[PDB]
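# Architecture and fold: a report
For reference, the chains in residue letters:
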Amino acid sequence: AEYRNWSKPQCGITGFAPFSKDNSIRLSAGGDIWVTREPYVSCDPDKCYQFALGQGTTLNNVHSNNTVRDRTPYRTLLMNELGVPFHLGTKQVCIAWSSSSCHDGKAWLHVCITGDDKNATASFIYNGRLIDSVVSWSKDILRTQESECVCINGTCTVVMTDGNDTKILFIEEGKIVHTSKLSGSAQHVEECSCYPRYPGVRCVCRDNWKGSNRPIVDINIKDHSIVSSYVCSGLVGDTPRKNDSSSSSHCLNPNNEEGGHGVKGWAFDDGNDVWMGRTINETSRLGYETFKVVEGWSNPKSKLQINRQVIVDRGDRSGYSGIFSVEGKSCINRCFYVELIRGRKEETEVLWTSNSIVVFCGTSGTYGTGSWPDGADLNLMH
Amino acid sequence: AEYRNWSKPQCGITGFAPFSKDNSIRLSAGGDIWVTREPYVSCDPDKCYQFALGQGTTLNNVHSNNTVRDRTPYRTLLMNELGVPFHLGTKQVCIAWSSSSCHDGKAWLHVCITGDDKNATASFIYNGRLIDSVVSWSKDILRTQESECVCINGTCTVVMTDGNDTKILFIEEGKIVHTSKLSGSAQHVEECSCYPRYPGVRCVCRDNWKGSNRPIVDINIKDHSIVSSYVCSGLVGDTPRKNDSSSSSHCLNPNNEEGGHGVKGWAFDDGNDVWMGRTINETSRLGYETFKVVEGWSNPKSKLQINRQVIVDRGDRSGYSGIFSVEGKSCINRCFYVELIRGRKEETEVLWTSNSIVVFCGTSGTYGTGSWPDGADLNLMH
Amino acid sequence: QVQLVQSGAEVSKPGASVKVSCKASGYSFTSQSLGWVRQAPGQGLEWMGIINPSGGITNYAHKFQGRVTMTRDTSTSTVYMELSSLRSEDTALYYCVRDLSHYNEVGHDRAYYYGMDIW
Amino acid sequence: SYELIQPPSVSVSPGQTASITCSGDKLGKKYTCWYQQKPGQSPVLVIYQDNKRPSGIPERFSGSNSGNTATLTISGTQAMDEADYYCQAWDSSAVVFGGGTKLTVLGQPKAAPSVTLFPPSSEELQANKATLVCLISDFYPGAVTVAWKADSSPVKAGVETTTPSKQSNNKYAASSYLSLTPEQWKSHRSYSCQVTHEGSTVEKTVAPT
Ligand SMILES: *[C@@H]1O[C@H](CO)[C@@H](O[C@@H]2O[C@H](CO)[C@@H](O[C@@H]3O[C@H](CO[C@H]4O[C@H](CO[C@H]5O[C@H](CO)[C@@H](O)[C@H](O)[C@@H]5O)[C@@H](O)[C@H](O[C@H]5O[C@H](CO)[C@@H](O)[C@H](O)[C@@H]5O)[C@@H]4O)[C@@H](O)[C@H](O[C@H]4O[C@H](CO)[C@@H](O)[C@H](O)[C@@H]4O[C@H]4O[C@H](CO)[C@@H](O)[C@H](O)[C@@H]4O)[C@@H]3O)[C@H](O)[C@H]2NC(C)=O)[C@H](O)[C@H]1NC(C)=O
Ligand SMILES: *[C@@H]1O[C@H](CO)[C@@H](O[C@@H]2O[C@H](CO)[C@@H](O[C@@H]3O[C@H](CO[C@H]4O[C@H](CO[C@H]5O[C@H](CO)[C@@H](O)[C@H](O)[C@@H]5O)[C@@H](O)[C@H](O[C@H]5O[C@H](CO)[C@@H](O)[C@H](O)[C@@H]5O)[C@@H]4O)[C@@H](O)[C@H](O[C@H]4O[C@H](CO)[C@@H](O)[C@H](O)[C@@H]4O[C@H]4O[C@H](CO)[C@@H](O)[C@H](O)[C@@H]4O)[C@@H]3O)[C@H](O)[C@H]2NC(C)=O)[C@H](O)[C@H]1NC(C)=O
Ligand SMILES: *[C@@H]1O[C@H](CO)[C@@H](O[C@@H]2O[C@H](CO)[C@@H](O[C@@H]3O[C@H](CO)[C@@H](O)[C@H](O)[C@@H]3O)[C@H](O)[C@H]2NC(C)=O)[C@H](O)[C@H]1NC(C)=O
Ligand SMILES: *[C@@H]1O[C@H](CO)[C@@H](O[C@@H]2O[C@H](CO)[C@@H](O[C@@H]3O[C@H](CO)[C@@H](O)[C@H](O)[C@@H]3O)[C@H](O)[C@H]2NC(C)=O)[C@H](O)[C@H]1NC(C)=O
Ligand SMILES: *[C@@H]1O[C@H](CO)[C@@H](O[C@@H]2O[C@H](CO)[C@@H](O[C@@H]3O[C@H](CO)[C@@H](O)[C@H](O)[C@@H]3O)[C@H](O)[C@H]2NC(C)=O)[C@H](O)[C@H]1NC(C)=O
Ligand SMILES: *[C@@H]1O[C@H](CO)[C@@H](O[C@@H]2O[C@H](CO)[C@@H](O)[C@H](O)[C@H]2NC(C)=O)[C@H](O)[C@H]1NC(C)=O
Ligand SMILES: *[C@@H]1O[C@H](CO)[C@@H](O[C@@H]2O[C@H](CO)[C@@H](O)[C@H](O)[C@H]2NC(C)=O)[C@H](O)[C@H]1NC(C)=O
Ligand SMILES: *[C@@H]1O[C@H](CO)[C@@H](O)[C@H](O)[C@H]1NC(C)=O
Ligand SMILES: *[C@@H]1O[C@H](CO)[C@@H](O)[C@H](O)[C@H]1NC(C)=O
Ligand SMILES: [Ca+2]
Ligand SMILES: [Ca+2]
């Protein structure tokens, strides 16, 4: 087994095709299924896996009450093969209310954060063994990507933030070998969706304070230098945001439109164009769409989209989304998952909060239309 | 595959980082989970496993009533990958109401004791086949470590006690090749937490009759000689015990403080210092803490601790704890598990007695604070 | 120039209901949660609940569950507090507050505790 | 339900350092806030996240949270710092306040209260009513707690107490009323009014005879 290098061009992409769906909530009405949130997908060279942060309980369970709380000592990182729902046989790979995972070509790395809000601990588990650990540096809720990290030549990069102070850690076989502070014009960086862009790593993240345009972080694996900006596209990708006719953007600064909230999302470049996903509803996490914005990676005045696809209808709930990359015979493909959140507090028919997932992958072929929502009937679940 | 030699220095340790947690009791309120007690963790060169002694029943089950009894013909040793809760697909590897397990680098060895109190039988299962057996020698409840044994160069050592007569057995591929009687100044030795200390094996055990300082047993693998003493540290590690200001200790004798009871625990040496865990509460199994006592391995007057960590808050239940060792690239790391006991007789809200586990591993990095208790709400479980 | 201006004083009969309003300005209305703290004459502060103007989700203190309704109108940058089944011990000074905290109970992914910076 | 315990009153002299504590179970694990309420205006955030000061708050105000106690510290106290101070934390997203602490910058020496307990007037008893009147005067600082006793058992219902107000001599006074039925008045041997001021208690007693 050799280290992954991702030294292949990005695949030609006309859009995205259906890949996977777990139907987790529908199954939990007749079976013991974990309560989860913040899921993501990552693949080793052989097969793909779905991850999620459990709540230490199943859904049909007295302990599923009040699972809207995001930090508890009972949250663990769940790992299953993609398509296997989180049943009672699921492996909890570490203790975590925030996490990131990636495969360097030889073994799995898990970054797992747990503990007190003012004094959290990030554990670094490589090939099933704890190798390193680091304490919160700002003493104010240490958190990380909630999606896959990226490894190149045995060096894995993960973005972590503390307090409102964002750092980029370089990990070799579980050992922190270098730490770089976030540099550039991105003012707030959270929950980065990173992907290999040889010879470096590119991340599209979430600005939870000042902008509805997503920040970008570029990581150089060789000299550990960091540069950061914002996605130029005049069609911004965060939620909440203004409508398409009145929204604006900027390549270096946050747009100062609908700050104070956000949602984890993704985008990746295709020449001067950008592929991105976002919620259809501009204010709430309803629906999910993907499209390409021509000149969207380099022109902040561009609002010309093409190749739109509805992933979730505007009347159905979505949630977090992120990117994962897969190495093919000749090119690196881009895929993404969508978290489909159900329950409290937006839905009062039940006492719990959980999610299912739907997964799409880039295609060079052709495709049609559809909608793949969670599909559970909360009114009937009691 | 080659035999393990553990011929590497002990890793530098600043403390312990979170590793695993199974949330067994919380899940059992919405799913079929085994009733267990006396758990432990052991790893082969590839992955780690959690063990426990089942009670022949799940929790939501009429047979979970009166599971405070510790010896029944229905108890079996359960084996799962670390992090996979004991669901109905769990393998019962042998019949046992007392057990020990270890991997010699080639295959698994299980020591399993079952049968009548006055005439128990220890079975020795190696690579899934029964190789040897021995009868109780004192005819008064034969028992063993309830944690991992230690193998060096194909020779595995396990500590076993009968009656109030403690013996150390040397096993090669499942066959008892030598038996040594316990020698030295340790007066009562039970439930040893053993770890490889090249070229030998060191065990920290439980004196259930005369001392709240833990006994030590040192095993020479080459000449089968045994020497035994007590942990010097003036901060003793058993429960019950006196408070820190009035407790005393001795390097060769039991301290004669709060005898008649105890709890399985662990400790390991770091030069002249000792790392150890213990319950926070001095009289009951409430809370769990770890710390280093400077000169604690060689000075019985030392009460100077540093690097304290709260594993379980003082208001939450703990239980047995033990050590397991893991071979890294250049050093041998020390990890430990904590059994989190819930139910009868200390808690009368339910009819059953069971446990979950939390696992920590030594780190050379930095860490914060927290508390990781069982977390089940017994009041709501009915 | 962040400020909260509240409606005028009210006298109400026991058993009826009272509705107080509060207009926010100086910042984007949808960016921060707004809550209500009351103070009986000569007593301490007592929190009633909060509303997230982005989504309208509310979180009430247990003592007032079933008695209080908080609403928001983003077009007018105004929040309201309606307390029903009024009793004599509801006589108090009612403060409108801006809570910079992020509560899971009103739609935030990561709970974050700050405090009430504008009254 | 979680609770925060503050001392009802704390006194210092101009330029001295005032320290207001706030106690709660494992309070060091949680985030704390401190609010300053001057007479007649709204509360003001002076400390958030245990020890952070909002912009514009004087650096004399400092905060600390460790173990089970949170502490607000005001170095070199000025007369304008006289106010009520509230600690604040969260219990499962629910905001919780301490009882509040009155801070007094001493402008005169302390004075013990004078307590006068009036039985119900015969004109009130003849009107089938009964009100005990406990009048407290000439004390400083202006902070007292009143406790009523039926014989030796504490009374809780029917008690109403006013906030200490300033007299013409710059000292403070307060009143407390215990309303009860005429029959409750005759059925007990004695009633007592306990006024505790700065840690020491002054009590008066009346009887139906
Ligand atoms: C079955 O499934 C397939 C696959 O999913 C479906 O095909 C897909 O359909 C969607 C929806 O229509 C398409 O996305 C949309 O793309 C258009 C852009 O494409 C149009 O404009 C192009 C540019 O036009 C200018 O330039 C050309 C130069 O040639 C001139 O001729 C023009 O006059 C203009 O000057 C044009 O090139 C395109 O033609 C090409 O593609 C079409 C296929 O659609 C073919 O017929 C042609 O042969 C040619 O190959 C095409 O005409 C975007 O405009 C869309 O976004 C707008 O609409 C969204 C709603 O759908 C909305 O959400 C957006 O916000 C956006 O808003 C627009 O309208 C607003 C108000 O109405 C305005 O405010 C705003 O400014 C904007 O104008 C959307 O992105 C996919 O590309 C297409 N995929 C593929 C692979 O073809 C198919 O429809 C399904 N069929 C059924 C029956 O379900
Ligand atoms: C976030 O997480 C991190 C990681 O978990 C937390 O850090 C950890 O904090 C715990 C708790 O404080 C520490 O454990 C404690 O260690 C002290 C010993 O350390 C102190 O004393 C050292 C010795 O002091 C003498 O010698 C020096 C020589 O330099 C002189 O200067 C002194 O004056 C003395 O003569 C001293 O060297 C230490 O300083 C070093 O470490 C501190 C970090 O704490 C730094 O500030 C320094 O820069 C320096 O690097 C330090 O001052 C033990 O005393 C503790 O045990 C006592 O307290 C326990 C309660 O916590 C109690 O259960 C024990 O029984 C014990 O009891 C003591 O008190 C009793 C009554 O009060 C007495 O009866 C008894 O005799 C005894 O005195 C405890 O073991 C960890 O070491 C620390 N870990 C790390 C990696 O730093 C951090 O606190 C968390 N933060 C938050 C906000 O949550
Ligand atoms: C799921 O969790 C919710 C939130 O904790 C539970 O709702 C709360 O339940 C408690 C009962 O344990 C209620 O407290 C009670 O209030 C009454 C007054 O109404 C008081 O007399 C009691 O002493 C007790 O304090 C609380 O009001 C209630 N809150 C809400 C918002 O409903 C709920 O019970 C849980 N459900 C299940 C099935 O576990
Ligand atoms: C769980 O196990 C306990 C312990 O065995 C059970 O409690 C016991 O239940 C038996 C019934 O089978 C009780 O015996 C009966 O006692 C009455 C007199 O009270 C007598 O008239 C009957 O002939 C019979 O002997 C016994 O008292 C009771 N003991 C205690 C301490 O409760 C319990 O029933 C079991 N629960 C379940 C759900 O299986
Ligand atoms: C995006 O999703 C949000 C929900 O998260 C949608 O907001 C909802 O919109 C409906 C329809 O306007 C609101 O109900 C209506 O309220 C008006 C108020 O005047 C009333 O006249 C109607 O009779 C009806 O009750 C609903 O309150 C509102 N929900 C929230 C939480 O604000 C929004 O419409 C979606 N956007 C798009 C473009 O679909
Ligand atoms: C990752 O490692 C590979 C293999 O060691 C490096 O491959 C070299 O790539 C450069 C240009 O990309 C070539 O000139 C060399 O001939 C390659 N060497 C070999 C042995 O194949 C690659 O450069 C490394 N990339 C990063 C980003 O570290
Ligand atoms: C375990 O077996 C190994 C391999 O047979 C032994 O390794 C020898 O170690 C000694 C000193 O430790 C060296 O002088 C020899 O050169 C080693 N031999 C080889 C072949 O490597 C080791 O001594 C054994 N240890 C025990 C405790 O039995
Ligand atoms: C878009 O939002 C702006 C708010 O500035 C509003 O004036 C405009 O009417 C909206 N346009 C549409 C098409 O909804
Ligand atoms: C410790 O225990 C002894 C009992 O011998 C008692 O006298 C002493 O007060 C205890 N100390 C503390 C701090 O509890
Ligand atoms: Ca945003
Ligand atoms: Ca003992």
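What counts, and at which threshold
Residues numbered from 1 in each chain as written, not as in the entry; some residues may be left out. Chains lettered and ligands numbered in written order. Part of a larger assembly, values for the part shown. Heavy atoms only, no water. Helix = DSSP H or I, 4+ residues; strand = E, 2+ residues; numbered from the N terminus. Rg over C-alpha atoms; globule rule 2.2 N^0.38 Å. Buried < 20%, exposed > 50% of the residue type's maximum accessible area, 1.4 Å probe, protein only. Areas by Shrake-Rupley, 256 points an atom, 1.4 Å probe, with all protein chains shown as cover. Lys, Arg positive; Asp, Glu negative; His and termini not counted. Charge placed at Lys NZ, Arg CZ, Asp CG, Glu CD. Least-squares fit on C-alpha atoms. Contact = heavy atoms within 4.5 Å. Near = heavy atom within 4 Å. Polar contact = N/O pair within 3.5 Å; in protein donor to acceptor, adjacent residues only side chain to side chain. Nonpolar A, V, L, I, M, F, W, Y, C, P; charged D, E, K, R; others polar. Donors = N, O, S within 2.8 Å, 3.2 Å for Na, K, Ca; no water. Pairing = 2+ DSSP bridges. Axes fitted to C-alpha atoms, helices over the stretch in contact; angles between N-to-C directions. UniProt positions renumbered as here; feature names shortened; annotations may be inferred.

For this deposition, the record names X-ray crystallography as the technique by which the model was determined and cites 2.20 Å as its resolution.

## Examining the overall build of chain A
When you go through chain A residue by residue, the secondary structure sums to 1 helix and 24 strands. In summary, chain A has a C-alpha radius of gyration of 19 Å against a globular reference of 21 Å for 382 residues, a match within 12%. Reported as C-alpha extents along the three principal axes, the dimensions of chain A are approximately 50 × 45 × 40 Å. When the 382 residues of chain A are sorted by exposure, 66% land in the buried category. Summed over its atoms, the accessible surface of chain A is roughly 12600 Å², and 46% of this surface lies on carbon and sulfur atoms. Across chain A, the mean location of the 40 positive side-chain charges is 1 Å away from that of the 43 negative side-chain charges.

## Details of the relation of the copies chain A and chain B
Mapping chain A onto chain B is achieved by rotating through 90 degrees and translating by 0.0 Å along the same axis, at an RMSD of 0.0 Å. With respect to symmetry, the two chain copies, as superposed, fit the operation of a four-fold axis. Of every C-alpha in chain A, the one belonging to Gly89 of chain A sits nearest the axis of rotation, 5.4 Å from it. With a heterologous cut-off of 20% or less, the 3% of interface residues of chain A that recur at the interface of chain B puts this contact in the heterologous class.

## Topic: the site of ligand 3
Around ligand 3, the structure places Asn65, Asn66 and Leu351 of chain A together with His62 and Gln65 of chain C. Two or more chains meet at ligand 3, and those chains are chains A and C. In the model, an oxygen atom of ligand 3 is placed 2.9 Å from a nitrogen or oxygen of the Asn66 of chain A side chain. Within the side chain of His62 of chain C, a nitrogen or oxygen atom sits 3.0 Å from an oxygen atom of ligand 3. Of the residues in the shell around ligand 3, the class split is 1 nonpolar, 4 polar and no charged.

## Some thoughts on the coordination of the calcium ion (ligand 11)
Residue and element names in this part refer to chain B. For the calcium ion (ligand 11), the full set of protein donor atoms is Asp207 (O), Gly211 (O), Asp238 (OD) and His261 (O), and the range of their distances to it is 2.5 to 2.7 Å. Expressed as a motif, the donor residue spacing for the calcium ion (ligand 11) is D-x3-G-x26-D-x22-H. Of this pair, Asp207 sits in the loop between β15 (200-206) and β16 (215-220) while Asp238 sits in the loop between β17 (226-230) and β18 (267-270), placing them 31 residues apart in sequence. With respect to class, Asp207 is no different from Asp238; both count as buried.

## Comments concerning the sheet that holds strand β19 (residues 273-278) of chain A
All names here are of chain A. As summarised here, the arrangement of the 4 strands in space is β18-β19-β20-β21, forming an open sheet in which the pairing is antiparallel. Sheet topology places β18 (267-270) and β21 (305-317) at the edges, where each strand pairs with a single neighbour. Pairs of neighbouring strands in the sheet enclose a mean axial angle of 10 degrees, with direction left out of account. Here β19 runs beside strand β20 (residues 286-293); their pairing, made up of 5 bridges, is antiparallel. Counted as the bridge partner of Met276 is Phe291 from β20.

## Concerning the UniProt feature "active site" (unreviewed entry) in chain A
According to UniProt, the "active site" (unreviewed entry) feature falls on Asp70 and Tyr320 of chain A. Residues contacting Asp70 of chain A, with those up to four places away along its chain left out, are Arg75 and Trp97 of chain A together with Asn104, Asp109, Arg110 and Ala111 of chain C. With respect to the element layout, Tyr320 of chain A can be found in the loop between β21 and β22 (321-327).

## Re the site of ligand 7
All names here are of chain B. Around ligand 7, the neighbouring residues are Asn153, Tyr198, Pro199, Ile221 and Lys222. The side chain of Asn153 places a nitrogen or oxygen atom 2.3 Å from an oxygen atom of ligand 7. Take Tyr198: an N or O atom from its side chain is 2.8 Å from a nitrogen atom of ligand 7. Its free accessible area being 570 Å², ligand 7 has 32% of it covered by the protein chains.

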